[PDB]
Amino acid sequence: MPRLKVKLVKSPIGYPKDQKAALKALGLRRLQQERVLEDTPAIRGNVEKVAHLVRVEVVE
C-alpha cells in the first residue's frame, strides 16, 4: 500500500509456465494493460520473474 504500477509491454506468447503464472498473479492479461498492485515481497517476486516483459513504476 505503497504500490507498484506494472504494465505488460512485451508478448508472453510461448513463455515458460512459471512466467505465465507470474503474469496471472499480477493480473496482466493483454498487451499494454497496466495494474496497480501493493508493493509486497511476494508481488515483487512475481514482477522479478517477468522483468523482460513488464514496465514498473513506483506509485502510492
Side-chain angles (χ1 to χ4, degrees):
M1 207 290 282
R3 279 154 119 89
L4 284 179
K5 182 180 53 176
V6 187
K7 188 183 187 197
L8 185 61
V9 302
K10 300 217 178 196
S11 178
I13 287 172
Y15 260 61
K17 276 285 217 56
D18 264 321
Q19 286 185 261
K20 280 173 177 161
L23 293 178
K24 210 64 54 264
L26 298 182
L28 295 180
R29 289 133 55 206
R30 71 189 105 100
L31 279 162
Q32 291 174 23
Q33 179 173 9
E34 318 182 88
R35 300 295 296 208
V36 178
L37 313 173
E38 285 83 281
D39 187 4
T40 59
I43 287 294
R44 277 209 302 297
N46 285 318
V47 171
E48 199 209 295
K49 289 185 192 84
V50 297
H52 173 242
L53 305 175
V54 295
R55 183 175 219 82
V56 176
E57 286 192 350
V58 170
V59 300
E60 291 292 341

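Just the heavy atoms: all of them, side chains too, but no hydrogens, waters or symmetry mates, feed the values below. Each residue takes its place number in the sequence, starting with 1.
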Over all atoms of both residues, closest heavy-atom pair of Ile43 and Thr40: N-OG1, 3.0 Å

Any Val58 side-chain heavy atom under 4.5 Å of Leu4 side chain: yes

Distance-minimising heavy-atom pair for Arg55 and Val9: CB-CG1, 3.8 Å

For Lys7 against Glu34, the heavy-atom pair lying closest together: CG-CG, 3.7 Å

Residues, nucleotides or ligands: over 12 heavy atoms within 6.0 Å of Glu48 CD: no

Minimal non-hydrogen separation, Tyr15 against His52, with atom names: OH-ND1, 3.0 Å

Closest non-hydrogen atom pair, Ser11 against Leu53: O-CD2, 3.9 Å

Atom pair NZ/CG of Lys24 and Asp18 - distance to nearest 0.5 Å: 12.0 Å

Atom NZ of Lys10: over 12 foreign heavy atoms under 6.0 Å: no

Check: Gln33 side chain, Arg30 main-chain N or O, donor-acceptor pair, under 3.5 Å: yes

Atom of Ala22, atom of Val50 and distance for their closest heavy-atom approach: CB-CG1, 3.6 Å

Check: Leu28 and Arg35 side chains under 4.5 Å, non-hydrogen atoms: yes

Heavy atoms from other residues, nucleotides or ligands near CZ of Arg44 exceed 12 (cutoff 6.0 Å): yes

